[PDB]
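*Asks:*
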Amino acid sequence: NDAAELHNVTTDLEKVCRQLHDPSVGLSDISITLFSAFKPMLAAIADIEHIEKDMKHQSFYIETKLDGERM
DNA sequence: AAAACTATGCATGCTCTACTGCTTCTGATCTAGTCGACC
Ligand SMILES: *OP(=O)(O)OC[C@H]1O[C@@H](n2cnc3c(N)ncnc32)[C@H](O)[C@@H]1O
Ligand SMILES: [Mg+2]
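Letter by letter, the first sequence follows residues 88 to 158 in this note's numbering.
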């Protein structure tokens, strides 16, 4: 039931298959752990007209986009 | 004076050791292409 969630945090099939061996027994809490790769949060295209509606009519942060690798 | 034994030179074959030329193997180099991973 909770395997995609664990893989989004560990990115290691071995841990997913070992920890989640019994379907009945789940994982109490799954979160980013040290020395375990986590799938980075990505960004979606924006239509400038509705930008405010996308920010729930509140303040937002503007930053520059950098041309390089993600680490 | 005549005959028998021996010495030395030379021809002859076979065997062994350098030098030139052809063929093949290795090393080194360059050029073209593939793959990982990102975006
Ligand atoms: O087009 P895309 O989906 O790759 O864009 C997202 C990527 O953009 C890079 N990036 C650069 N600067 C930022 C900031 N400030 N925040 C988030 N992402 C940023 C990342 O590499 C990202 O995956
Ligand atoms: Mg980028």
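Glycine included, each C-beta is placed from N, C-alpha and C at the ideal position.
Mind checking whether the beta-carbon of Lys152 lies closer than 7 angstroms to any heavy atom of ligand 1?
*Replies:* Under cutoff, so the answer is yes.
*Asks:* What residue range does the alpha helix (DSSP H) around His94 cover?
*Replies:* Start and end: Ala91 to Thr97.
*Asks:* Starting from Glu139, follow the alpha helix (DSSP H) in both directions and report where the run begins and ends.
*Replies:* Its alpha helix (DSSP H) spans residues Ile138 to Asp141.
*Asks:* Flag this pair as touching only if the region 94 to 101 and the region 118 to 135 have three or more C-beta atom pairs under 8 angstroms; answer yes or no.
*Replies:* A contact exists between the region 94 to 101 and the region 118 to 135.
*Asks:* Confirm the yes/no value for this check: CB of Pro110, any heavy atom of ligand 1, distance under 7 angstroms.
*Replies:* Flag unset: Cβ of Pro110 not near ligand 1.
*Asks:* Assuming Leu129 and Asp89 are in contact, meaning their beta carbons sit under 8 angstroms apart, how far apart are those beta carbons, in whole angstroms?
*Replies:* That belief does not hold up - the Cβ atoms of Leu129 and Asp89 are roughly 21 angstroms apart, past 8 angstroms.
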